[PDB]
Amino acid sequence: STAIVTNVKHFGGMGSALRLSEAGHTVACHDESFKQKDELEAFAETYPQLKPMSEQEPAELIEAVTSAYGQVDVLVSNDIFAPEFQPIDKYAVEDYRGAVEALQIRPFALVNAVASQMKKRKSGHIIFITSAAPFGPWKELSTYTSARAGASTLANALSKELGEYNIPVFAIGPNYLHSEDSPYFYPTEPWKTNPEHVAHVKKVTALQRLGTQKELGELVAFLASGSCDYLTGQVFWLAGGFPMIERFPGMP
């Protein structure tokens, strides 16, 4: 079927996009670097089974994809924003408006653009990649953390209205997901290379490793398959058992 995967080059983008193509889907990909031609074209070259798009705004992209491939069956909102740690008084208020625009407004806008056709066909799936950060927050990341929570709750609240139209809505909240060359949010260096960082991941996850792009993609495809629509409204903590809580002195 026809899927869209945003910000395809970062975070949960490559896992989701490439696993979806393997499921036989046509996969239109959005990204920021695709406002240029060298970039879109190189990507389209490197990935023949993927269709990059230059469209950059939300509703634009939905119409485009619908014109080119007939409709949008699956939306994977892979949202990203650079986390800046700051004590609350040291942020500007625009920094929180930043986070909210990128991590709540964007997914909202997308679904606002695509819902109508899904509802008329009474078919579609919607996946938000959010964050597990609200489940185990670090101090000094209040902008990023809270905006992620808003996104996850959006997914769950949509599941309630869109179930009537046979449309599942999911949020996937990762943490420690290996993002390979992407700085969002766990690049190979340092997160696999430096002992500092390997020792940390090992301590704070029960499985003692980063999540893989392959695991994220497997979930995304299993969900978008129509195999388990009854999980609608789930938020999935794709976090490897994070957090591992420090135990009492004396115990390993």
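We number the residues from 1 along the sequence you see.
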Q: Decide which of the stretches 150-158 and 70-78 has the higher mean C-alpha B-factor, going by the entry.
A: 70-78
Q: Take the C-alpha B-factors listed in the entry for 108-116 and for 171-179, compute each mean, and give the stretch with the larger one.
A: 108-116
**Q.** Highest recorded Cα temperature factor - choice among 128, 138, 165, 144
**A.** 138
Q | Residue, from 212, 36, 208, 225, that the PDB entry assigns the highest Cα B-factor | A | 36
Q | CA B-factor ranking of residue 220, expressed as a third of its chain | A | lowest
Q. Lowest, middle or highest third: where is residue 24 by Cα B-factor in its chain?
A. highest
**Q.** Relative C-alpha B-factor of residue 83, binned into the chain's lowest, middle or highest third
**A.** highest
